[PDB]
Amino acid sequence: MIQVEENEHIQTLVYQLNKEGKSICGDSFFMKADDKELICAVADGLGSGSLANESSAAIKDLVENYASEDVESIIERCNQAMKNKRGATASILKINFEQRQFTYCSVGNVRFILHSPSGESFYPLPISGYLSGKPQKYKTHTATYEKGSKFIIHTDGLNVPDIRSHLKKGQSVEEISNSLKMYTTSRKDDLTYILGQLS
């Protein structure tokens, strides 16, 4: 499933496919942007199937409802919601268009790679473990981005040899998505990615 949306400040593309012969995606995503800010989140429920989706959809819903709060605060509420659920890995990203600034909070193997046309990249190593409901250290990265920045957030279903070069050489989220298409066909796992090109 490919979903594209743009406004003045960001062109986005979301790609989501279910694990082979599964009827429900274990991964979730949330995406909302208006003229001031963007919020998005990608979550991978443990395992797959409906109870993976139960955990990842609950994260999706919390991000939506608490979108006004800061990232750490939202991720906390997600951890709480994972009590007696399978749990999930997830990343949450807020962008303030007016300040060209982002805050990022993640737990587990969901990956965020930002590429700036000035060659600089932001590529935070993922926090170990998952959102299980147990007490969890959270870390927020806050940073300025450059006009023309290209980023991806993706679950571990997307395994690409050199994901940064794709972000570099592609000139639109469409181009980048197409260069990655060949890594999306195995269906060994649910596969979700968000691509953004920032004005």
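By rigid core we mean the largest C-alpha set that fits within 1.5 Å across both forms. Counting begins at 1, following the sequence as shown.
- Stretch comparison, 126-134 versus 45-53: after rigid core superposition, larger RMS CA deviation in 5 other deposited structures of this protein is found for 45-53.
- As the entry records it, the average C-alpha temperature factor is higher for 113-121, out of 68-76 and 113-121.
- Stretches compared: 13-21, 187-195. Higher mean C-alpha B-factor in the entry: 13-21.
- Considering 168, 32, 154, 60 together, the PDB entry gives 168 the largest C-alpha B factor.
- Per-chain ranking of the deposited C-alpha B factor places residue 172 in the highest third.
- In the PDB entry, residue 158 places in the middle third of its chain by CA B-factor.
- For residue 106, the recorded CA B-factor ranks within the lowest third of the chain. Only modelled residues enter the ranking.
- The deposited CA B-factor of residue 96 belongs to the middle third of values across its chain.
- In the PDB entry, residue 37 places in the middle third of its chain by CA B-factor.
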